[PDB]
Amino acid sequence: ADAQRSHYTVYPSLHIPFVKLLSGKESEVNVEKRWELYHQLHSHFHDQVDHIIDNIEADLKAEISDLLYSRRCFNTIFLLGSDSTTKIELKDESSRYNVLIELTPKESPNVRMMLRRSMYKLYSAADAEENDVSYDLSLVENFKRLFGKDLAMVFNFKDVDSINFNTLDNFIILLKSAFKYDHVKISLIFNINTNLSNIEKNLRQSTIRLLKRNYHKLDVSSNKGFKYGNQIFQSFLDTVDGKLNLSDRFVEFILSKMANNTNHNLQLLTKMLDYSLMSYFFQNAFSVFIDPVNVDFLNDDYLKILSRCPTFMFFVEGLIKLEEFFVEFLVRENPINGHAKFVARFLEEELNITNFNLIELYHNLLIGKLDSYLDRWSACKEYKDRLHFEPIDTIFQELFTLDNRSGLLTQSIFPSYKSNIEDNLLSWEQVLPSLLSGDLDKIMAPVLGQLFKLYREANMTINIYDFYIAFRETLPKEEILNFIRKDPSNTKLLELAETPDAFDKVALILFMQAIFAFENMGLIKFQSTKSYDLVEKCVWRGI
Amino acid sequence: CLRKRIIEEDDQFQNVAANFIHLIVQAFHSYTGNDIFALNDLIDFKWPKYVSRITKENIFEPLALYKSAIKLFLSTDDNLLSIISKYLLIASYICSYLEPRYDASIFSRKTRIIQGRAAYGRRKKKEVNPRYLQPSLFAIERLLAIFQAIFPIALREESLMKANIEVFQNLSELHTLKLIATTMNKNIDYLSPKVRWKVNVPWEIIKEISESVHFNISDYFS
Amino acid sequence: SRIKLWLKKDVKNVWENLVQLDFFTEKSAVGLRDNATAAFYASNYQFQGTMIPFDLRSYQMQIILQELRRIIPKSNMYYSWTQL
Amino acid sequence: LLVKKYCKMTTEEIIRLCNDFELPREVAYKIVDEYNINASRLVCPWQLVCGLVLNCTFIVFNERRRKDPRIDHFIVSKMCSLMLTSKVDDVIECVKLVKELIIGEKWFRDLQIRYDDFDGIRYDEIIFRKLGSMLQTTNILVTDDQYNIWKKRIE
Amino acid sequence: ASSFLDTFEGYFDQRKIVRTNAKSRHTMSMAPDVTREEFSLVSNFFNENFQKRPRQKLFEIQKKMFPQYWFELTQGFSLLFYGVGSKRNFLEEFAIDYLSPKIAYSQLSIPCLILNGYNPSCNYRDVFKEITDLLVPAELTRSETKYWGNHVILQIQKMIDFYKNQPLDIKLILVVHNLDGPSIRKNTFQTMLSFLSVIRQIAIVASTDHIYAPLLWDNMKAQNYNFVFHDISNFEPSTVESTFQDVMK
């Protein structure tokens with residue numbers, strides 16, 4: 001059996017994932033055209049996003065190079081908020097060699113291995129660019145005698161916060177001995193994830209005095225000044241311009257979920273926007289109608305499902321106090337995106353203000369609180385009347401809107417995982433559907449869900465036999481034996497059921513299979529290595 | 001720097017250099033001890049700013065030069081997270097430096113339908129200042145209970161905060177940033193119930209964190 | 001109440017010098033190993049006293065307070081606090 | 001009535017308080033039994049009867065609340081004028097508190113099965129809500145019967 | 001015996017101090033003892049018959065979600081399935097009977113590599129040997145091997161740089177039963193699998209069983225995994241995964 005194997009490959013036997021909407025009455029070509037519309041919009045988004053990624057990587061390389069190239073000390077650079085994935089490339093100095101030495105915490109178990117990897121990398125790179133030597137710092141001493149030119153070493157320490165600071169301190173003091181050679185220049189790059197003081201409290205005071213002689217702090221995080229998140233959000237708004245709307249609750253969901261991730265913001269923003277685009281193009285039947293070519297393929301189901309709009313509700317109530325009307329309101333542009341573009345351009349250029357969040361600005365513009373958002377700067381009091389926009393309401397906007405009311409984004413991307421496990425185990429009506437064992441299904445709960453309620457009402461240390469006794473009392477003795485005697489083709493079962501302790505034995509078997517299911521799940525633990533007499537509950541519901 | 005400021009404003013130059021060296025020694029000998037290298041570092045750091053206060057009035061009177069350049073003989077000057085993550089660090093500090101059997105005497109604020117009494121609290125306070133010693137070890141669930149006890153907030157509004165994907169991702173990141181430690185450091189499985197947790201930040205760092213979110217942690221140690 | 005008080009930031013340096021001059025030593029530290037095999041084993045292990053912040057590391061004295069009282073001179077400023 | 005403590009009640013008052021909210025007799029006796037099994041270890045029986053009656057009248061009248069959203073206000077104000085309590089946070093706080101002491105129980109599960117409410121939606125909605133379906137219904141558009149009764153109002 | 005049941009207050013409330021006179025020191029010695037094989041017999045009956053029609057009805061409901069899962073896989077997301085009950089049959093039947101031939105048709109089967117993370121003997125080096133057999137990656141140059149590096153991780157990063165410039169055709173389906181399982185929850189296995197999940201040409205279908213499983217993933221690993229989470233609770237009895245534990249103990 002391959003299920004008892006650790007791993008096995010399968011070669012199985014042997015056109016779009018988009019399904020037919022409108023209660024199964026969608027056209028097949030509407031499905032294909034929705035697939036192509038999603039593909040072109042998704043491509044138009046990601047070309048801009050990958051261009052932005054290339055831009056941020058190139059600007060970071062240029063800024064690090066300008067710091068690296070601008071007597072007897074290190075050239076120290078502290079990259080604050082660094083995730084250590086930046087490619088660092090060096091300049092090709094005439095009659096000098098420049099080598100970059102990368103060092104992770106896994107490659108740094110002690111000072112000896114750190115030096116040995118550094119000297120192997122130096123010797124390998126120098127012989128690659130231009131006899132065996134010993135991989136120690138005498139290779140740095142005799143570098144110009146073998147290679148004929150001087151040396152510039154750039155040490156890039158990745159994940160310093162994870163490194164042993166005693167080992168790092170001793171390696172720095174070891175590298176300090178190389179300053180006595182005229183042909184040696186050493187630069188150090190420290191990728192720091194928390195802050196500078198947390199690492200200055202971990203080094204020696206002599207090491208701090210060593211590093212202070214020539215050092216540069218450079219705060220480069222992903223979430224720095226919102227210069228890159230606003231570009232990605234602007235790329236999305238330029239993609240969905242003239243076809244789709246963003247609700248204010250969706251934008252505030254973006255803000256709330258982006259506030260909870262610090263080191264990796266932009267991938268979360270792209271993931272959330274992408275999944276919302278997927279959900280709209282998978283769910284909404286009017287996704288065909290985002291381009292004016294498809295205005296000649298509307299039917300009675302389209303008119304049935306476009307008539308149930310609260311904006312249409314208010315419009316016909318105001319008219320009191322169809323297909324041509326629905327077609328007529330596609331020519332509009334909804335210029336809120338252009339107004340946000342103009343406001344951001346004005347604030348970046350005329351007022352020289354770069355510290356702003358376009359997602360927050362779009363949220364306040366959707367609500368109608370752009371002035372209360374702009375009050376933080378105290379520099380737009382003379383131009384608020386120029387920069388203010390009244391939010392125009394557009395008919396049939398609900399059929400073209402990215403929103404989260406169903407909780408789909410919450411269930412798909414950031415679920416309350418353990419709370420869902422707990423809620424399913426406690427309730428189980430919302431999971432198991434209601435409909436041989438039909439008499440027992442109405443009376444007896446599933447064994448895990450039944451045991452979880454006793455688990456919930458028990459105390460933090462449960463006696464396992466009293467837990468079993470309570471579980472036995474929850475079960476009916478008559479119907480369980482009737483259901484186990486309903487099958488006459490199992491001779492050992494029919495032999496066991498006629499024994500008078502069959503109810504207790506059956507209850508114990510079900511109880512123990514549920515107890516080790518809970519043990520594998522992590523709900524309970526055993527307070528020994530050899531005993532199985534008391535359990536501790538590890539999980540409380542609602543946390 | 002010295003010659004540039006004389007132009008832009010030989011025994012006398014030796015006198016001002018030796019007076020600077022003697023002032024550095026007399027100001028920082030208790031700090032450095034008899035370390036030649038530390039005093040060399042302090043001389044190299046404090047020479048240009050002392051140079052930048054030399055005037056024509058200051059060049060012949062060394063007491064006036066010591067009065068103008070005074071602030072660099074008083075101090076050595078040899079130096080160089082999200083909402084959930086900060087509150088998880090605060091809760092980890094609380095879990096490490098408070099005893100778990102006093103937990104229900106502090107954070108418990110919900111009313112009761114069943115009859116019951118909360119913990120009375122400590123009958124007399126100890127004089128040991130537990131933040132001077134090494135932190136205690138705690139479980140994940142106590143950390144989650146204290147985290148949602150002190151995190152900020154009609155019928156479906158879900159007033160408390162559950163531990164969703166974001167909370168566990170932030171806690172995993174805190175273990176990655178070494179702001180939270182375990183007993184096991186290599187080949188550690190996060191999922192075992194025998195794995196315990198402790199904070200490793202100083203009191204000043206968690207004070208800066210608690211005041212960055214305007215949380216009053218110093219009430220809990222009073 | 002009956003001298004400059006230095007801050008913890010500046011007392012850090014004096015503490016490091018006192019550890020360096022073998023006045024303090026780390027608690028239950030083995031120190032220099034007997035042979036190369038045991039030293040090689042010790043270099044591949046990360047000790048718990050090198051991963052916690054410096055202000056919580058446990059230390060023990062190489063000289064006790066009675067020996068400190070014995071040969072610090074009687075006319076010294078801090079001599080009266082060698083008795084406890 | 002939710003602040004005063006340490007009372008003792010009879011069956012007549014609780015089955016009279018059922019008949020205000022128009023509940024069947026089996027559900028009434030279930031409120032009676034849930035008040036009875038937690039009698040000697042209780043501080044305020046008024047909160048328990050208030051929360052139990054409110055939780056059962058938010059599940060019996062699920063279809064009328066779907067047809068008319070004002071029915072939710074007619075129940076939270078019928079007892080706010082009956083509990084001698086001015087503000088409205090007390091009743092919702094009380095029912096939120098007592099929900100955690102009833103949601104695990106078997107007859108509450110059977111009462112949720114037999115009237116198909118599941119804290120607001122049928123099973124065919126909540127299983128797709130838990131599965132994370134893109135095709136689950138959303139609260140942006142009105143329902144079909146709401147549009148039909150509006151068209152009957154207009155015509 | 002607790003006013004609070006399930007909040008932080010219930011956590012603090014249920015950890016009271018119980019006296020020795022109310023310890024209730026009954027043990028499992030006064031329990032009805034069973035033989036080993038009648039446990040298997042009773043379990044086979046009660047798991048093949050009890051609540052079976054709701055289980056098949058529920059599986060028919062969640063089989064309608066298969067094209068959404070396929071859409072999520074071709075848009076670059078990994079699938080992480082969770083819920084109460086075993087997910088081995090669901091993942092096997094989704095990946096082999098549905099996903100592989102429809103991916104092969106839409107790209108016009110696909111090799112399915114199945115990892116049993118519930119097995120303690122699941123080792124990441126033999127697993128990566130099978131991946132190198134299936135995808136045949138360019139071997140590491142001597143400069144790429146560095147200095148006593150992890151050859152699996154360096155090779156996978158080289159495959160990441162290679163497959164960044166390929167067509168976006170799924171050529172391997174990784175099915176990881178019990179991603180939080182005892183040998184696979186370790187840091188090197190998770191690092192291996194998240195860097196494998198970076199590659200667009202591999203579809204990742206993984207499941208977790210432990211309630212504390214999201215603690216495994218920091219921000220780098222959660223970015224690399226790119227998880228869409230799906231709750232599949234079905235109350236399957238987990239017959240296969242139970243064989244690596246003991247129930248008589």
# chains A, B, ... in the order shown; residues from 1 in each chain; ligands from 1
call {"tool": "residues_around", "arguments": {"residues": "segment 211-216 of chain A", "least_positions_apart": "3", "cutoff": "9 Å", "atoms": "only C-alpha atoms", "output": "PyMOL selection string"}}
result
(chain A and resi 67+73-79+206-208) or (chain B and resi 41+44-45+78-80)
call {"tool": "residues_around", "arguments": {"residues": "residue 55 of chain E", "least_positions_apart": "3", "cutoff": "9 Å", "atoms": "only C-alpha atoms", "output": "list in words"}}
result
residues 432 and 433 of chain A; 51, 52, 58, 59, 60, 234, 235 and 236 of chain E
call {"tool": "closest_residue", "arguments": {"among": "C:60, C:15, C:72, C:43", "to": "residue 28 of chain C", "atoms": "only C-alpha atoms"}}
result
C:60
call {"tool": "interface_residues", "arguments": {"of": "chain E", "to": "chain B", "cutoff": "9 Å", "atoms": "only C-alpha atoms", "output": "ChimeraX atom specification"}}
result
/E:1-4,7-9,11-13,15-16,180,182,185-188,210-220,222
call {"tool": "write_last_selection", "arguments": {"atoms": "C-alpha atoms", "output": "PDB file, in the first residue's frame"}}
result
ATOM      1  CA  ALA E   1     -18.202  24.954  37.785  1.00  0.00           C
ATOM      2  CA  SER E   2     -17.154  28.040  35.822  1.00  0.00           C
ATOM      3  CA  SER E   3     -19.102  31.242  35.199  1.00  0.00           C
ATOM      4  CA  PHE E   4     -17.031  31.913  32.069  1.00  0.00           C
ATOM      5  CA  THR E   7     -13.068  33.720  26.322  1.00  0.00           C
ATOM      6  CA  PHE E   8      -9.842  34.748  28.021  1.00  0.00           C
ATOM      7  CA  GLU E   9     -11.969  34.856  31.188  1.00  0.00           C
ATOM      8  CA  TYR E  11      -9.186  30.382  30.384  1.00  0.00           C
ATOM      9  CA  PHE E  12      -8.338  32.129  33.652  1.00  0.00           C
ATOM     10  CA  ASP E  13     -11.493  30.769  35.326  1.00  0.00           C
ATOM     11  CA  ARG E  15      -7.417  27.122  35.922  1.00  0.00           C
ATOM     12  CA  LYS E  16      -8.514  27.291  39.539  1.00  0.00           C
ATOM     13  CA  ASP E 180       1.991  20.102   9.823  1.00  0.00           C
ATOM     14  CA  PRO E 182       5.714  15.352  12.684  1.00  0.00           C
ATOM     15  CA  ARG E 185       6.621  20.550  10.280  1.00  0.00           C
ATOM     16  CA  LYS E 186      10.379  20.979  10.854  1.00  0.00           C
ATOM     17  CA  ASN E 187      11.998  24.138   9.553  1.00  0.00           C
ATOM     18  CA  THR E 188      14.088  22.672   6.714  1.00  0.00           C
ATOM     19  CA  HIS E 210      -3.063  20.728  14.026  1.00  0.00           C
ATOM     20  CA  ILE E 211      -5.017  23.644  15.483  1.00  0.00           C
ATOM     21  CA  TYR E 212      -1.760  25.620  15.933  1.00  0.00           C
ATOM     22  CA  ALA E 213      -0.507  25.039  12.354  1.00  0.00           C
ATOM     23  CA  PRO E 214      -0.377  28.760  11.237  1.00  0.00           C
ATOM     24  CA  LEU E 215       2.389  29.261  13.842  1.00  0.00           C
ATOM     25  CA  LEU E 216       4.727  27.480  11.391  1.00  0.00           C
ATOM     26  CA  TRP E 217       4.729  30.347   8.873  1.00  0.00           C
ATOM     27  CA  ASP E 218       6.476  33.689   9.308  1.00  0.00           C
ATOM     28  CA  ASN E 219       6.177  36.506   6.762  1.00  0.00           C
ATOM     29  CA  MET E 220       8.750  35.118   4.307  1.00  0.00           C
ATOM     30  CA  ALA E 222       3.629  32.997   4.187  1.00  0.00           C
TER      31      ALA E 222
END
call {"tool": "closest_atom_pairs", "arguments": {"of": "chain C", "to": "chain B", "cutoff": "10 Å", "atoms": "only C-alpha atoms", "output": "Markdown table"}}
result
| residue | atom | partner | partner_atom | distance |
| --- | --- | --- | --- | --- |
| C:6 | CA | B:31 | CA | 8.8 |
| C:7 | CA | B:75 | CA | 9.8 |
| C:9 | CA | B:79 | CA | 9.4 |
| C:10 | CA | B:31 | CA | 6.8 |
| C:11 | CA | B:31 | CA | 7.5 |
| C:12 | CA | B:31 | CA | 9.5 |
| C:13 | CA | B:31 | CA | 7.2 |
| C:14 | CA | B:31 | CA | 6.5 |
| C:17 | CA | B:33 | CA | 8.3 |
| C:46 | CA | B:185 | CA | 8.6 |
| C:48 | CA | B:183 | CA | 9.1 |
| C:51 | CA | B:200 | CA | 9.0 |
| C:52 | CA | B:200 | CA | 6.5 |
| C:53 | CA | B:202 | CA | 7.2 |
| C:54 | CA | B:202 | CA | 9.5 |
| C:55 | CA | B:202 | CA | 8.2 |
| C:56 | CA | B:134 | CA | 6.0 |
| C:57 | CA | B:134 | CA | 8.3 |
| C:58 | CA | B:134 | CA | 9.2 |
call {"tool": "residues_around", "arguments": {"residues": "residue 156 of chain E", "least_positions_apart": "2", "cutoff": "8 Å", "atoms": "only C-alpha atoms", "output": "MDAnalysis selection string"}}
result
chainID E and resid 152:154 158:160 192 195:196
call {"tool": "residues_around", "arguments": {"residues": "segment 217-221 of chain B", "least_positions_apart": "4", "cutoff": "9 Å", "atoms": "only C-alpha atoms", "output": "VMD selection string"}}
result
chain B and resid 90 94 97 to 98 106 129 206 to 207 210 to 211
call {"tool": "closest_atom_pairs", "arguments": {"of": "chain E", "to": "chain D", "cutoff": "7 Å", "atoms": "only C-alpha atoms", "output": "tab-separated table"}}
result
residue	atom	partner	partner_atom	distance
E:65	CA	D:133	CA	6.9
E:230	CA	D:131	CA	6.1
E:231	CA	D:131	CA	5.4
E:232	CA	D:131	CA	6.4
call {"tool": "write_last_selection", "arguments": {"atoms": "N, CA, C and O atoms", "output": "short mmCIF file (atom, residue, chain, number, x, y, z; two decimals), in the first residue's frame"}}
result
data_model
loop_
_atom_site.label_atom_id
_atom_site.label_comp_id
_atom_site.auth_asym_id
_atom_site.auth_seq_id
_atom_site.Cartn_x
_atom_site.Cartn_y
_atom_site.Cartn_z
N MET E 65 -16.85 22.79 -5.55
CA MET E 65 -15.81 23.81 -5.42
C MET E 65 -14.55 23.50 -6.21
O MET E 65 -13.60 24.28 -6.14
N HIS E 230 -8.99 27.06 2.79
CA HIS E 230 -10.30 26.47 2.53
C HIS E 230 -10.64 25.51 3.66
O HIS E 230 -9.89 24.57 3.93
N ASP E 231 -11.77 25.75 4.31
CA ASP E 231 -12.24 24.91 5.41
C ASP E 231 -13.04 23.76 4.81
O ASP E 231 -14.15 23.95 4.32
N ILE E 232 -12.46 22.56 4.85
CA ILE E 232 -13.17 21.34 4.51
C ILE E 232 -13.25 20.49 5.79
O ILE E 232 -12.32 19.81 6.22
#
call {"tool": "residues_around", "arguments": {"residues": "segment 58-65 of chain D", "least_positions_apart": "5", "cutoff": "12 Å", "atoms": "only C-alpha atoms", "output": "ChimeraX atom specification"}}
result
/B:155 /D:21-24,27-28,51-53,70-76,92,95,99,108-122,145-146
call {"tool": "write_last_selection", "arguments": {"atoms": "N, CA, C and O atoms", "output": "compact mmCIF listing (two decimals), in the first residue's frame"}}
result
# COMPACT_ATOMS: atom_id res chain seq x y z
N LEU B 155 -24.82 43.19 17.71
CA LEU B 155 -25.00 41.79 18.05
C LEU B 155 -24.06 40.86 17.30
O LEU B 155 -23.85 39.73 17.74
N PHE D 21 -44.12 36.73 23.71
CA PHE D 21 -43.37 36.62 22.47
C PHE D 21 -43.90 35.54 21.53
O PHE D 21 -43.29 35.32 20.48
N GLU D 22 -45.00 34.87 21.90
CA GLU D 22 -45.74 33.92 21.06
C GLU D 22 -44.88 32.74 20.61
O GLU D 22 -44.60 32.55 19.43
N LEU D 23 -44.45 31.95 21.59
CA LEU D 23 -43.64 30.77 21.34
C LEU D 23 -44.43 29.49 21.65
O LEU D 23 -45.31 29.50 22.52
N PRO D 24 -44.16 28.39 20.94
CA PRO D 24 -44.85 27.13 21.24
C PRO D 24 -44.47 26.55 22.59
O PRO D 24 -43.47 26.94 23.21
N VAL D 27 -40.96 24.81 23.33
CA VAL D 27 -39.91 25.80 23.51
C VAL D 27 -40.05 26.50 24.86
O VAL D 27 -39.06 26.79 25.54
N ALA D 28 -41.30 26.77 25.27
CA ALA D 28 -41.58 27.38 26.57
C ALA D 28 -41.09 26.50 27.71
O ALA D 28 -40.43 26.97 28.65
N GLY D 51 -32.42 36.38 28.35
CA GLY D 51 -31.59 35.88 27.27
C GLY D 51 -32.13 34.63 26.61
O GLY D 51 -32.04 34.49 25.39
N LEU D 52 -32.71 33.71 27.39
CA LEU D 52 -33.27 32.50 26.81
C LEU D 52 -34.49 32.80 25.94
O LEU D 52 -34.61 32.27 24.83
N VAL D 53 -35.39 33.66 26.43
CA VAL D 53 -36.57 34.05 25.66
C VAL D 53 -36.17 34.84 24.42
O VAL D 53 -36.72 34.62 23.33
N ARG D 70 -37.96 45.36 10.68
CA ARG D 70 -38.45 46.05 11.87
C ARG D 70 -38.86 45.08 12.98
O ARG D 70 -38.95 45.50 14.14
N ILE D 71 -39.06 43.80 12.64
CA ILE D 71 -39.43 42.78 13.63
C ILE D 71 -38.31 42.61 14.66
O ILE D 71 -38.57 42.36 15.84
N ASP D 72 -37.06 42.78 14.23
CA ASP D 72 -35.93 42.79 15.16
C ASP D 72 -36.03 43.94 16.16
O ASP D 72 -35.68 43.77 17.33
N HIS D 73 -36.52 45.10 15.72
CA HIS D 73 -36.68 46.22 16.65
C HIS D 73 -37.90 46.06 17.54
O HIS D 73 -37.92 46.58 18.66
N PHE D 74 -38.93 45.33 17.07
CA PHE D 74 -40.15 45.18 17.85
C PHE D 74 -39.96 44.20 19.01
O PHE D 74 -40.77 44.19 19.94
N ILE D 75 -38.91 43.39 18.97
CA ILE D 75 -38.64 42.45 20.06
C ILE D 75 -37.67 43.06 21.07
O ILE D 75 -37.86 42.92 22.29
N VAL D 76 -36.65 43.79 20.60
CA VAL D 76 -35.70 44.42 21.51
C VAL D 76 -36.32 45.61 22.25
O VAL D 76 -35.82 46.02 23.30
N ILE D 92 -28.77 43.42 24.78
CA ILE D 92 -27.87 42.80 23.82
C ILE D 92 -26.62 42.25 24.51
O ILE D 92 -26.12 41.18 24.15
N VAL D 95 -27.84 38.98 26.22
CA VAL D 95 -28.05 37.85 25.32
C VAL D 95 -26.72 37.37 24.74
O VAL D 95 -26.53 36.16 24.55
N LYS D 99 -25.50 33.51 25.45
CA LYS D 99 -25.31 32.68 24.25
C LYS D 99 -24.22 31.63 24.47
O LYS D 99 -24.36 30.49 24.01
N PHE D 108 -30.80 23.02 21.89
CA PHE D 108 -30.60 24.24 21.10
C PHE D 108 -30.17 23.89 19.68
O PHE D 108 -30.59 24.55 18.72
N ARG D 109 -29.35 22.85 19.53
CA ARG D 109 -28.99 22.34 18.22
C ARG D 109 -30.21 21.81 17.47
O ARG D 109 -30.39 22.09 16.28
N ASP D 110 -31.08 21.06 18.16
CA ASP D 110 -32.28 20.53 17.52
C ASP D 110 -33.26 21.63 17.16
O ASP D 110 -33.93 21.56 16.12
N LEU D 111 -33.34 22.67 18.00
CA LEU D 111 -34.19 23.82 17.71
C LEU D 111 -33.63 24.63 16.54
O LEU D 111 -34.41 25.24 15.79
N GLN D 112 -32.31 24.64 16.35
CA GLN D 112 -31.73 25.27 15.17
C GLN D 112 -31.95 24.43 13.92
O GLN D 112 -32.11 24.98 12.82
N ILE D 113 -31.93 23.11 14.06
CA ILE D 113 -32.17 22.23 12.91
C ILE D 113 -33.62 22.33 12.44
O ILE D 113 -33.89 22.48 11.24
N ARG D 114 -34.57 22.30 13.38
CA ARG D 114 -35.98 22.16 13.01
C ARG D 114 -36.63 23.47 12.54
O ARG D 114 -37.63 23.42 11.82
N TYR D 115 -36.03 24.63 12.82
CA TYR D 115 -36.49 25.87 12.21
C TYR D 115 -35.53 26.50 11.21
O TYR D 115 -35.87 27.53 10.63
N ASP D 116 -34.34 25.91 11.00
CA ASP D 116 -33.41 26.24 9.91
C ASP D 116 -32.97 27.71 9.94
O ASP D 116 -33.25 28.49 9.04
N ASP D 117 -32.28 28.07 11.02
CA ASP D 117 -31.87 29.46 11.20
C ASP D 117 -30.36 29.64 11.26
O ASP D 117 -29.85 30.56 10.61
N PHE D 118 -29.66 28.83 12.06
CA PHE D 118 -28.19 28.73 12.10
C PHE D 118 -27.51 30.09 12.31
O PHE D 118 -26.52 30.42 11.64
N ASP D 119 -28.07 30.87 13.24
CA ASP D 119 -27.73 32.28 13.47
C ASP D 119 -27.87 33.12 12.19
O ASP D 119 -27.01 33.94 11.88
N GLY D 120 -28.96 32.91 11.45
CA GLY D 120 -29.35 33.83 10.40
C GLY D 120 -29.66 33.23 9.04
O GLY D 120 -30.51 33.79 8.33
N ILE D 121 -29.02 32.13 8.65
CA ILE D 121 -29.14 31.63 7.28
C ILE D 121 -29.41 30.13 7.28
O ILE D 121 -29.08 29.41 8.23
N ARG D 122 -29.97 29.65 6.17
CA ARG D 122 -30.22 28.22 6.01
C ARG D 122 -28.90 27.47 5.84
O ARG D 122 -27.82 28.06 5.71
N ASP D 145 -38.10 37.75 -3.35
CA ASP D 145 -39.41 37.98 -2.75
C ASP D 145 -39.56 39.41 -2.24
O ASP D 145 -40.67 39.95 -2.23
N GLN D 146 -38.45 40.04 -1.82
CA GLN D 146 -38.50 41.45 -1.44
C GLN D 146 -38.82 42.34 -2.64
O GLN D 146 -39.63 43.27 -2.53
call {"tool": "interface_residues", "arguments": {"of": "chain A", "to": "chain E", "cutoff": "6 Å", "atoms": "only C-alpha atoms", "output": "compact mmCIF listing (two decimals) with N, CA and C atoms, in the first residue's frame"}}
result
# COMPACT_ATOMS: atom_id res chain seq x y z
N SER A 6 6.31 6.70 2.38
CA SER A 6 6.59 8.09 2.71
C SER A 6 6.26 9.03 1.57
N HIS A 7 6.48 8.60 0.34
CA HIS A 7 6.26 9.42 -0.84
C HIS A 7 6.16 8.50 -2.04
N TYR A 8 5.28 8.85 -2.98
CA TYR A 8 5.10 8.06 -4.19
C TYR A 8 4.57 8.96 -5.29
N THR A 9 4.96 8.65 -6.52
CA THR A 9 4.53 9.40 -7.68
C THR A 9 3.39 8.67 -8.39
N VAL A 10 2.50 9.44 -9.01
CA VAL A 10 1.31 8.92 -9.66
C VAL A 10 1.28 9.45 -11.08
N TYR A 11 0.98 8.57 -12.04
CA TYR A 11 0.76 8.95 -13.43
C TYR A 11 -0.67 8.59 -13.80
N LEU A 14 -6.08 9.78 -18.46
CA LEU A 14 -6.61 11.01 -19.03
C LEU A 14 -7.37 10.73 -20.33
N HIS A 15 -12.74 23.67 -21.12
CA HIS A 15 -11.30 23.67 -20.95
C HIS A 15 -10.84 24.82 -20.06
N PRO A 17 -11.63 26.90 -16.14
CA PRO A 17 -12.30 26.70 -14.85
C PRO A 17 -13.53 27.57 -14.63
N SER A 412 -11.15 33.41 2.90
CA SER A 412 -10.19 32.85 1.96
C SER A 412 -8.75 33.23 2.27
N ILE A 413 -8.48 34.45 2.73
CA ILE A 413 -7.13 34.96 2.84
C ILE A 413 -6.67 35.05 4.29
N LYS A 418 -8.33 28.64 13.90
CA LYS A 418 -8.64 27.84 15.07
C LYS A 418 -10.06 28.09 15.54
N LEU A 432 -22.40 19.17 9.13
CA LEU A 432 -23.05 17.94 8.71
C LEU A 432 -24.46 18.25 8.20
N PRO A 433 -24.84 17.74 7.03
CA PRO A 433 -26.17 18.01 6.49
C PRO A 433 -27.25 17.27 7.26
N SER A 437 -28.39 3.85 9.13
CA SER A 437 -28.08 4.50 10.40
C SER A 437 -28.87 5.79 10.59
N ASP A 441 -28.46 8.59 13.52
CA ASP A 441 -27.99 9.93 13.18
C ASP A 441 -28.86 11.02 13.80
N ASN A 459 -12.85 20.86 33.18
CA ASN A 459 -11.84 21.76 33.71
C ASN A 459 -10.50 21.53 33.01
N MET A 460 -9.49 22.31 33.42
CA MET A 460 -8.20 22.35 32.72
C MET A 460 -7.42 21.05 32.83
N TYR A 465 -10.88 8.70 32.87
CA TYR A 465 -11.93 7.72 33.11
C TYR A 465 -13.25 8.40 33.41
N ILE A 509 -14.29 2.23 22.64
CA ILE A 509 -13.56 2.22 21.37
C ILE A 509 -13.74 3.55 20.64
N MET A 521 -4.80 16.47 16.84
CA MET A 521 -5.20 17.84 16.53
C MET A 521 -4.51 18.86 17.43
N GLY A 522 -4.15 18.46 18.65
CA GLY A 522 -3.54 19.37 19.59
C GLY A 522 -4.46 19.95 20.63
N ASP A 533 -3.51 8.85 32.38
CA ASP A 533 -4.57 8.94 33.38
C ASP A 533 -5.17 10.32 33.54
N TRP A 540 -8.89 26.73 24.36
CA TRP A 540 -10.14 27.32 24.82
C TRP A 540 -10.81 28.02 23.65
N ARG A 541 -12.12 27.84 23.54
CA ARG A 541 -12.85 28.43 22.44
C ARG A 541 -12.92 29.95 22.60
N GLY A 542 -13.00 30.65 21.47
CA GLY A 542 -13.09 32.09 21.48
C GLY A 542 -11.76 32.81 21.55
